[PDB]
Amino acid sequence: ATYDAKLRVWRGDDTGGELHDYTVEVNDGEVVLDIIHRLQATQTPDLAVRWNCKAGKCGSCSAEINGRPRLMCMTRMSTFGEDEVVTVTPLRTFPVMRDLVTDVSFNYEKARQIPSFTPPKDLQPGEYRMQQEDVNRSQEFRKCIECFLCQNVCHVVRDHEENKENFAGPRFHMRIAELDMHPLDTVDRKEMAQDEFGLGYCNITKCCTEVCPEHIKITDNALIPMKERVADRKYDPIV
Amino acid sequence: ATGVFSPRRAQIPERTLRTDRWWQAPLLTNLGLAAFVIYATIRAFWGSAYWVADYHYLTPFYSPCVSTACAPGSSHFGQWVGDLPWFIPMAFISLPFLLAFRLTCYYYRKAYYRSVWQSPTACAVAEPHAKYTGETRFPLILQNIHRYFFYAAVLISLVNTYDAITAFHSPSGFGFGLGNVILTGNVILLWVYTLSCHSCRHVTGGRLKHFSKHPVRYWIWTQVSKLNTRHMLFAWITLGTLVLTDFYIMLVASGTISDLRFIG
Amino acid sequence: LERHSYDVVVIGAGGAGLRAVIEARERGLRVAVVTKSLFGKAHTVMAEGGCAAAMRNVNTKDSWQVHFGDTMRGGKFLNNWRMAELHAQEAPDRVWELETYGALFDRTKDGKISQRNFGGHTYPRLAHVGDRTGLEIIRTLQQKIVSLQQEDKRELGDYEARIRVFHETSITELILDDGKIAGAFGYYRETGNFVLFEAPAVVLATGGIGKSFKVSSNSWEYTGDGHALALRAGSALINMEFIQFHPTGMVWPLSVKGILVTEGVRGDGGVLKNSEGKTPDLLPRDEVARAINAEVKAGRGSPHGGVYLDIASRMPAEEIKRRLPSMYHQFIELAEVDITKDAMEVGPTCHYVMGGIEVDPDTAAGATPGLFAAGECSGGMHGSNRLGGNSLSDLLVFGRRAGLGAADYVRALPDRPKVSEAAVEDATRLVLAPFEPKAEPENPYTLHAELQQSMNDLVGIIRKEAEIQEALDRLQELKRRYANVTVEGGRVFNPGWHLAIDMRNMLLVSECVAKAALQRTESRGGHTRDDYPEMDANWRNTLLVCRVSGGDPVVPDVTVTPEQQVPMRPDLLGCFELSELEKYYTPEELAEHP
Ligand SMILES: Cc1cc2nc3c(=O)[nH]c(=O)nc-3n(C[C@H](O)[C@H](O)[C@H](O)COP(=O)(O)OP(=O)(O)OC[C@H]3O[C@@H](n4cnc5c(N)ncnc54)[C@H](O)[C@@H]3O)c2cc1C
Ligand SMILES: CCCCCCCCCCCCCCCCCC(=O)O[C@@H](COC(=O)CCCCCCCCCCCCCCC)COP(=O)(O)OCCN
Ligand code: SF4
Ligand code: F3S
Ligand code: FES
Ligand code: FES
């Protein structure tokens, strides 16, 4: 069933743009990126996409497929009826560069603010001993293809621009969590997770866990534990 | 404008581009919470039909009965405070603490932040609020005391368990008979919901760095995490069981028969 | 254009590129990192194997000698023996220092790193974490870079005092002084503006060439740059005819087109091998591909250009879901194809190129210049075939070697070379040529599709001399039609422009591959001839090198036949027995036997 789809792609730059209507043959069993590549090859050669690989192990092909932040290389195009319109727009949290490519730089300058892994300053490289149950908690957060869909959907930064300076986002609080749960790390980071990176701005309305392609339990496994660990230090009257 | 209409973001003049029925979950949450709160606040203040003096049933909405205005036999821990002035519920000891425990719950917080406060109604729908401070200012910084209402909930669950255990008495000795089944199921599900708490998961073993150094707390943390993966289910399940238990007991206290297996 | 003066430029942030950046920074130098894509989204994230390292965590009879023997056996004794020795005896330390950067592998019952079994390896070697090992490696290296520049911020006073990352920047030419590297010209993908890095040393570490083939499991960036960059700058390529294929990997559903199908599924119901599956399973995969192409060229070739490999009239519904769990989940969630109900559409995908820039073993590449290479873009290791896991520890080992060699070359440099303007002018002119009217125009995508079709059809798994020069003759007309390519639009992130720029690298690496595969008249590992089925001639001490005689944008190549260095000093072990060496070597040992 190779029907003709009805698309609506946001075309424009930082000066303004529109949703334009296109018509593309959709063969059976192919993702949105295939339709976008067909569109580039036959109709609009200069359409910005920013893909790298086609398996979902990257984070390059993030967009908003029908109002939902998704990877373009994983959205099956069978989710949608043959008679309904598919509306592809860039991520609506970050500044737009061109048609479907946004400027993901906020979450690269947020990366070099979180203290990094520090081991004990006597241990040698061949002498690290960790048990599997100790590394299990952090190995889940290390599955993070940096899609930044979590950073896109968070209403703290998505709906309020003045909170970009105060909130680091779900991705960079999961980073703090997995550095805190590392069995060999040394720095605390519990005070700064609340005072510097504004962990308190997250209400627990998950909304992030709902968009992670890797199915990381961001809120239940990283954000609520860190909130409890900060309550231990600041809000526990047992002293 | 404010958040997705800012001058530097993509120019879509739409609150959301979602085409699904994204407003259904907040509506259902609102209706469920409203129905439960209305029922609970009417029943707790009715002041009657809470005690079967024969088979010794007591409603969870009247769990510790510490007044001398209670039905003779109802007080299991003693009668301490006189009679109350008609606007203090007969279970003023436990109902404030249960309400606080469910209010400062990491799941219920998500539910009503989405539904009532209109912090994101759905996942990617434009928020109607202009300024946002999260749980950082005064009234919402107090949600971090959930771990003490968790201890209160443990104690209240122990009281409920004692009541359900002594509810096994027919007039002629031991007894059974479907009031016991409902009370016991309600207590067991209350225990499950209490042990599914994120504060329980943190206090038992979630705060440790080395699990290999703690074999018992690792086991407890594993089991509590398996339970906690479904904390959302047990909240609603326990609301429903509370309603059903109170309803059945009220019907039996006022009038219907109790379906017993041991004589009266 | 904007100009940046540095000490080293690393064109690529993968495994090799990032390890080289780390090592060059701690040797003490100012390093620029140029990436075609975002930071940390290289092709390494797709690797799902492990790092072959003789750490002796599982069983202690392992060694670097048995690892060296395994690497030489798997490459059919065509490997660069020095690079293989070096990788064998240095791979444990690289993996051990990865976990001091924050990496978390899978652990044993003792706390050491857990190691898997693989085909070519005699002992359990592959250090892994689940099935995401390249992701762990690239995350570790990226976060270690960020740690280093946090230290720079704390002590020197700026985040980018030593290391600066120019992600989403494409390099198009290498500026030369008098034969020595003097810079690197490129453009920003976002703005289309021109950048000139003025550095005396360059570490390529770019990657593969997999986008020249129709069916392939390679990223968008694998357009063959790095190879073409070094080639048309000053250097030579070796072993370009050794490309690793896999006779399976779904071809039709474009959602799953480069996704390799292992042999485990073929350890059951299969395609066809004259019996038992219509078992003649497991017969050498070169013969599997011979049968596939014999049934495709003259037979019931399916509309997608492949074969079925049906498993439905087999273990009915439940045994598949558990015997092949991840494949099943991936297919059902991606292509909406349930393997318990449907037949696949598999064909000869392209995976890895085992040739590349002819590097020096100890320090990295280059004849005249200060050019260095590491990773997949280099050649000499993985002689004719590669082992699983070697490609991922090779990255660490020789990225560190390249960083150290670049550091020493910069430190021992009397006067720095300086770029000329009469070469930045030519670079700008070539990169802006596709923005002209160009009567009787072409299209980047049409030319790319034609190149992919021709390469996949005629220079595929099993080659023939009569049809490997047909491709050589049609590449001439394709490069003649490239002279009229036109791009529509401006320079602000115009992927048609980017494709028109990368076509001139694809057209060079394709000519290299075809001209080498025509001249190597013997079958060995990744290069299967047909009129020369006699495996393993004395085309062993011969490298079949490639260099650019002379021209302009798409330059004509020439292929020469140089010898290799006298094989091994005492690296003729006893693990290497005569009964095994005499199957590969000329009767030239005269020393080996005790
Ligand atoms: C699907 C797949 C699975 C694999 N699985 C395994 C496995 O299990 N085990 C194993 O050992 N090996 C595996 N490999 C091979 C292995 O990943 C390679 O050896 C390794 O990934 C090569 O990486 P690299 O360091 O050479 O550079 P890459 O990581 O490939 O990236 C090169 C970098 O250079 C940049 N670049 C390229 N061109 C330019 C330019 N013109 N200007 C500027 N920058 C540029 C790119 O943006 C990219 O960041 C696999 C390969 C693939 C494709
Ligand atoms: C089954 C039981 C489950 C419970 C179900 C019940 C349903 C509850 C529904 C009602 C709760 C909904 C709350 C949703 C958020 C609304 C609260 C809120 O946001 O506070 C606002 C209203 O607060 C005020 O401004 C006024 C507060 C002053 C009142 C003075 C006395 C109140 C102090 C209470 C003391 C606490 C008592 C301790 C009990 C635990 C202020 O906004 P903000 O601080 O969050 O800023 C963010 C964006 N600007
Ligand atoms: S967390 Fe899940 S969603 Fe947020 S970035 Fe990492 S992967 Fe994408
Ligand atoms: S979306 Fe934002 S608000 Fe909290 S749970 Fe996820 S972070
Ligand atoms: S392209 Fe790599 S994730 Fe979609
Ligand atoms: S009760 Fe739900 S988190 Fe404590």
# chains A, B, ... in the order shown; residues from 1 in each chain; ligands from 1

call {"tool": "residues_around", "arguments": {"residues": "residue C:306", "least_positions_apart": "5", "cutoff": "6 Å", "atoms": "only C-alpha atoms", "output": "VMD selection string"}}
result
chain C and resid 301 345 to 347

call {"tool": "residues_around", "arguments": {"residues": "residue A:3", "least_positions_apart": "2", "cutoff": "9 Å", "atoms": "only C-alpha atoms", "output": "number ranges by chain"}}
result
A: 1, 5, 24-28, 82

call {"tool": "write_last_selection", "arguments": {"atoms": "C-alpha atoms", "output": "PDB file, in the first residue's frame"}}
result
ATOM      1  CA  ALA A   1       0.000   0.000   0.000  1.00  0.00           C
ATOM      2  CA  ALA A   5       0.930  11.085   2.247  1.00  0.00           C
ATOM      3  CA  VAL A  24       5.124  12.069  -0.944  1.00  0.00           C
ATOM      4  CA  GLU A  25       4.764   8.379  -1.791  1.00  0.00           C
ATOM      5  CA  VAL A  26       4.956   6.312   1.400  1.00  0.00           C
ATOM      6  CA  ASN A  27       5.908   2.676   0.937  1.00  0.00           C
ATOM      7  CA  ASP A  28       4.986   0.076   3.535  1.00  0.00           C
ATOM      8  CA  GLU A  82      -3.388   6.980   5.427  1.00  0.00           C
TER       9      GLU A  82
END

call {"tool": "residues_near_ligand", "arguments": {"ligand": "ligand 1", "cutoff": "6 Å", "atoms": "only C-alpha atoms and all ligand atoms", "output": "VMD selection string"}}
result
chain C and resid 11 to 17 34 to 37 42 to 44 46 to 50 169 to 172 205 to 207 217 to 218 221 225 351 375 to 377 388 to 392 395

call {"tool": "write_last_selection", "arguments": {"atoms": "N, CA, C and O atoms", "output": "compact mmCIF listing (two decimals), in the first residue's frame"}}
result
# COMPACT_ATOMS: atom_id res chain seq x y z
N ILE C 11 40.64 16.33 12.81
CA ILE C 11 39.44 16.38 11.96
C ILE C 11 38.65 15.12 12.26
O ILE C 11 38.66 14.13 11.53
N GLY C 12 37.89 15.17 13.35
CA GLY C 12 37.06 14.05 13.70
C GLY C 12 37.01 13.79 15.19
O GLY C 12 38.05 13.74 15.85
N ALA C 13 35.81 13.63 15.73
CA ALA C 13 35.62 13.34 17.14
C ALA C 13 34.87 12.02 17.25
O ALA C 13 33.66 11.99 17.44
N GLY C 14 35.62 10.93 17.14
CA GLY C 14 35.06 9.61 17.32
C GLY C 14 35.72 8.95 18.51
O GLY C 14 35.67 9.48 19.62
N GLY C 15 36.33 7.80 18.29
CA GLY C 15 37.15 7.22 19.33
C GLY C 15 38.59 7.65 19.16
O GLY C 15 39.22 8.17 20.09
N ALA C 16 39.11 7.44 17.95
CA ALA C 16 40.49 7.81 17.66
C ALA C 16 40.70 9.30 17.81
O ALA C 16 41.69 9.73 18.42
N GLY C 17 39.79 10.11 17.28
CA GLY C 17 39.95 11.55 17.35
C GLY C 17 39.96 12.05 18.78
O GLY C 17 40.81 12.86 19.15
N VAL C 34 37.57 19.33 15.15
CA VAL C 34 36.60 19.65 14.11
C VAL C 34 35.74 18.43 13.87
O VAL C 34 36.25 17.33 13.63
N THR C 35 34.42 18.61 13.94
CA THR C 35 33.48 17.51 13.80
C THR C 35 32.45 17.88 12.75
O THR C 35 32.02 19.03 12.67
N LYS C 36 32.07 16.90 11.93
CA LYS C 36 31.04 17.14 10.93
C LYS C 36 29.66 17.18 11.56
O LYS C 36 28.76 17.83 11.03
N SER C 37 29.48 16.50 12.67
CA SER C 37 28.21 16.38 13.36
C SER C 37 28.33 16.97 14.76
O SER C 37 29.33 17.59 15.11
N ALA C 42 29.25 10.62 16.79
CA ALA C 42 30.04 10.00 15.74
C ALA C 42 29.51 8.60 15.44
O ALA C 42 28.55 8.13 16.06
N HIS C 43 30.13 7.93 14.48
CA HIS C 43 29.70 6.58 14.12
C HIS C 43 30.06 5.56 15.19
O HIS C 43 29.54 4.44 15.16
N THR C 44 30.92 5.91 16.14
CA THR C 44 31.30 4.97 17.18
C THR C 44 30.11 4.60 18.07
O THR C 44 30.10 3.52 18.66
N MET C 46 27.38 3.55 17.28
CA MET C 46 26.64 2.42 16.75
C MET C 46 27.30 1.08 17.07
O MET C 46 26.63 0.05 16.98
N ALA C 47 28.58 1.08 17.43
CA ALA C 47 29.27 -0.15 17.77
C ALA C 47 28.61 -0.82 18.96
O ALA C 47 28.23 -0.16 19.93
N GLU C 48 28.47 -2.15 18.89
CA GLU C 48 27.76 -2.91 19.92
C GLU C 48 28.55 -4.14 20.31
O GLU C 48 27.99 -5.10 20.86
N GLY C 49 29.84 -4.15 20.04
CA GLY C 49 30.64 -5.32 20.32
C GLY C 49 31.42 -5.21 21.61
O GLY C 49 30.85 -5.33 22.70
N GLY C 50 32.72 -4.98 21.51
CA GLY C 50 33.55 -4.85 22.68
C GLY C 50 34.93 -4.40 22.27
O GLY C 50 35.21 -4.17 21.10
N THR C 169 31.27 21.34 11.74
CA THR C 169 32.17 22.05 10.84
C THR C 169 32.82 21.03 9.92
O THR C 169 33.42 20.07 10.40
N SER C 170 32.70 21.24 8.62
CA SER C 170 33.21 20.31 7.63
C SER C 170 34.49 20.85 7.01
O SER C 170 34.55 22.02 6.61
N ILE C 171 35.51 20.01 6.94
CA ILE C 171 36.81 20.36 6.38
C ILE C 171 36.85 19.89 4.93
O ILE C 171 36.51 18.74 4.64
N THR C 172 37.28 20.77 4.03
CA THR C 172 37.27 20.46 2.60
C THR C 172 38.65 20.33 1.99
O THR C 172 38.82 19.50 1.09
N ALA C 205 41.92 10.94 11.35
CA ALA C 205 40.96 10.13 12.11
C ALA C 205 39.51 10.42 11.70
O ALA C 205 38.68 10.81 12.52
N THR C 206 39.20 10.20 10.43
CA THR C 206 37.88 10.55 9.92
C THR C 206 36.90 9.37 9.94
O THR C 206 35.84 9.46 10.56
N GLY C 207 37.21 8.29 9.24
CA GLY C 207 36.29 7.17 9.21
C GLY C 207 36.24 6.42 7.90
O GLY C 207 37.21 6.41 7.14
N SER C 217 25.79 -0.15 6.09
CA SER C 217 25.41 0.08 7.47
C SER C 217 26.20 1.22 8.10
O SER C 217 26.58 1.17 9.27
N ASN C 218 26.46 2.27 7.32
CA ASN C 218 27.34 3.35 7.74
C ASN C 218 26.58 4.66 7.83
O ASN C 218 25.52 4.84 7.23
N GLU C 221 27.84 10.65 7.62
CA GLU C 221 29.16 11.28 7.44
C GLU C 221 30.23 10.45 6.73
O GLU C 221 31.26 10.99 6.33
N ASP C 225 35.73 11.29 3.02
CA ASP C 225 36.71 12.32 3.33
C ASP C 225 37.74 11.77 4.30
O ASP C 225 37.54 10.72 4.93
N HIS C 351 30.15 -2.95 5.48
CA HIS C 351 30.35 -2.65 6.89
C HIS C 351 31.60 -1.81 7.15
O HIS C 351 31.51 -0.76 7.79
N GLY C 375 42.49 5.39 13.53
CA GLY C 375 41.13 4.89 13.42
C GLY C 375 40.88 4.16 12.12
O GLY C 375 41.75 3.49 11.57
N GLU C 376 39.65 4.29 11.62
CA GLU C 376 39.26 3.57 10.42
C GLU C 376 39.87 4.18 9.16
O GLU C 376 40.05 3.48 8.16
N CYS C 377 40.21 5.47 9.20
CA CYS C 377 40.79 6.12 8.03
C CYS C 377 42.23 5.71 7.78
O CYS C 377 42.76 6.03 6.71
N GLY C 388 36.24 -8.85 15.13
CA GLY C 388 35.33 -8.09 15.97
C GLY C 388 36.01 -7.70 17.26
O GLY C 388 36.64 -8.53 17.91
N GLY C 389 35.89 -6.43 17.64
CA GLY C 389 36.51 -5.93 18.83
C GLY C 389 37.87 -5.29 18.63
O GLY C 389 38.27 -4.44 19.43
N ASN C 390 38.60 -5.68 17.58
CA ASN C 390 39.87 -5.05 17.29
C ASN C 390 39.69 -3.64 16.76
O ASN C 390 40.53 -2.77 17.01
N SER C 391 38.60 -3.39 16.03
CA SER C 391 38.35 -2.07 15.47
C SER C 391 38.04 -1.04 16.54
O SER C 391 38.07 0.16 16.25
N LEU C 392 37.72 -1.48 17.75
CA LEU C 392 37.27 -0.57 18.80
C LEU C 392 38.34 -0.31 19.84
O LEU C 392 38.25 0.70 20.56
N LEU C 395 41.14 1.94 17.97
CA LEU C 395 40.85 3.36 18.12
C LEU C 395 41.66 3.96 19.25
O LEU C 395 42.43 4.91 19.05

call {"tool": "residues_around", "arguments": {"residues": "residue C:69", "least_positions_apart": "5", "cutoff": "12 Å", "atoms": "only C-alpha atoms", "output": "PyMOL selection string"}}
result
chain C and resi 62-64+74-77+79+81+84-85+87-89+120-123+387+571-577+580-581

call {"tool": "residues_near_ligand", "arguments": {"ligand": "ligand 2", "cutoff": "7 Å", "atoms": "only C-alpha atoms and all ligand atoms", "output": "list in words"}}
result
residues 33, 36, 37, 99, 100, 102, 103, 108, 112, 113, 116, 117, 131, 132, 133, 134, 135, 137, 138, 139, 140, 142 and 239 of chain B

call {"tool": "write_last_selection", "arguments": {"atoms": "N, CA and C atoms", "output": "mmCIF file, in the first residue's frame"}}
result
data_model
loop_
_atom_site.group_PDB
_atom_site.id
_atom_site.type_symbol
_atom_site.label_atom_id
_atom_site.label_comp_id
_atom_site.auth_asym_id
_atom_site.auth_seq_id
_atom_site.Cartn_x
_atom_site.Cartn_y
_atom_site.Cartn_z
ATOM 1 N N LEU B 33 -10.533 12.565 41.804
ATOM 2 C CA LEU B 33 -10.156 13.220 43.050
ATOM 3 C C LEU B 33 -11.342 13.932 43.680
ATOM 4 N N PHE B 36 -13.766 11.358 45.235
ATOM 5 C CA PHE B 36 -13.256 10.795 46.479
ATOM 6 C C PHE B 36 -13.314 11.804 47.614
ATOM 7 N N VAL B 37 -12.886 13.042 47.367
ATOM 8 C CA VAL B 37 -12.851 14.024 48.445
ATOM 9 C C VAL B 37 -14.257 14.338 48.931
ATOM 10 N N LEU B 99 -4.633 12.464 55.013
ATOM 11 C CA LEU B 99 -4.792 13.486 53.988
ATOM 12 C C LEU B 99 -3.460 14.135 53.650
ATOM 13 N N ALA B 100 -2.636 14.419 54.660
ATOM 14 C CA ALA B 100 -1.324 15.004 54.402
ATOM 15 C C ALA B 100 -0.408 14.027 53.680
ATOM 16 N N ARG B 102 -1.262 11.613 51.606
ATOM 17 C CA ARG B 102 -1.633 11.502 50.202
ATOM 18 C C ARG B 102 -1.474 12.822 49.467
ATOM 19 N N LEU B 103 -1.492 13.939 50.189
ATOM 20 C CA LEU B 103 -1.312 15.237 49.556
ATOM 21 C C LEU B 103 0.133 15.438 49.137
ATOM 22 N N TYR B 108 0.631 11.791 43.581
ATOM 23 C CA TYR B 108 -0.477 12.732 43.648
ATOM 24 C C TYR B 108 -0.034 14.137 43.291
ATOM 25 N N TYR B 112 -2.069 16.368 40.502
ATOM 26 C CA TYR B 112 -2.758 17.643 40.619
ATOM 27 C C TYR B 112 -1.949 18.824 40.105
ATOM 28 N N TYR B 113 -0.625 18.730 40.004
ATOM 29 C CA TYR B 113 0.109 19.763 39.286
ATOM 30 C C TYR B 113 -0.305 19.801 37.826
ATOM 31 N N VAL B 116 -4.943 20.466 38.302
ATOM 32 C CA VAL B 116 -5.478 21.668 38.923
ATOM 33 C C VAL B 116 -4.617 22.871 38.577
ATOM 34 N N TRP B 117 -3.322 22.787 38.874
ATOM 35 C CA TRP B 117 -2.460 23.955 38.758
ATOM 36 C C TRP B 117 -2.135 24.316 37.321
ATOM 37 N N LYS B 131 4.840 33.184 34.865
ATOM 38 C CA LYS B 131 5.995 32.977 35.723
ATOM 39 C C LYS B 131 5.855 31.662 36.476
ATOM 40 N N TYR B 132 6.995 31.046 36.774
ATOM 41 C CA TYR B 132 7.038 29.731 37.396
ATOM 42 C C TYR B 132 8.245 29.662 38.312
ATOM 43 N N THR B 133 8.039 29.169 39.532
ATOM 44 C CA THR B 133 9.115 29.018 40.499
ATOM 45 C C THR B 133 9.270 27.595 41.004
ATOM 46 N N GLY B 134 8.424 26.668 40.568
ATOM 47 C CA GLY B 134 8.549 25.286 40.977
ATOM 48 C C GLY B 134 8.317 25.109 42.464
ATOM 49 N N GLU B 135 8.934 24.070 43.012
ATOM 50 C CA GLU B 135 8.894 23.819 44.449
ATOM 51 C C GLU B 135 10.069 24.478 45.158
ATOM 52 N N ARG B 137 9.767 28.151 46.300
ATOM 53 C CA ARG B 137 9.297 29.209 47.180
ATOM 54 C C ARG B 137 8.587 28.587 48.379
ATOM 55 N N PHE B 138 7.891 29.410 49.177
ATOM 56 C CA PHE B 138 7.474 28.944 50.501
ATOM 57 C C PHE B 138 6.448 27.822 50.443
ATOM 58 N N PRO B 139 5.222 28.032 49.951
ATOM 59 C CA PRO B 139 4.182 27.024 50.202
ATOM 60 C C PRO B 139 4.499 25.669 49.608
ATOM 61 N N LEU B 140 5.328 25.613 48.569
ATOM 62 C CA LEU B 140 5.639 24.360 47.903
ATOM 63 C C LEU B 140 6.995 23.793 48.288
ATOM 64 N N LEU B 142 7.456 22.980 51.228
ATOM 65 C CA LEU B 142 7.008 22.106 52.300
ATOM 66 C C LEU B 142 6.622 20.720 51.817
ATOM 67 N N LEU B 239 -7.683 4.142 47.077
ATOM 68 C CA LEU B 239 -8.842 5.029 47.148
ATOM 69 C C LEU B 239 -10.133 4.250 46.925
#

call {"tool": "interface_residues", "arguments": {"of": "chain C", "to": "chain A", "cutoff": "6 Å", "atoms": "only C-alpha atoms", "output": "JSON, numbers by chain"}}
result
{"C": [41, 96, 97, 100, 102, 107, 111, 112, 146, 147, 219, 220, 254, 255, 335, 445, 494, 495, 496]}

call {"tool": "atom_distance", "arguments": {"atom1": "atom CA of residue C:108", "atom2": "atom CA of residue C:61"}}
result
17.2 Å

call {"tool": "residues_around", "arguments": {"residues": "residue B:118", "least_positions_apart": "4", "cutoff": "9 Å", "atoms": "only C-alpha atoms", "output": "list in words"}}
result
residues 112, 113, 114, 122, 127, 128 and 129 of chain B

call {"tool": "residues_around", "arguments": {"residues": "residue B:146", "least_positions_apart": "4", "cutoff": "7 Å", "atoms": "only C-alpha atoms", "output": "ChimeraX atom specification"}}
result
/B:101,104-105,150

call {"tool": "interface_residues", "arguments": {"of": "chain B", "to": "chain A", "cutoff": "6 Å", "atoms": "only C-alpha atoms", "output": "list in words"}}
result
residues 3, 8, 9, 10, 11, 17, 18, 110, 123, 134, 135, 136, 209, 210 and 211 of chain B
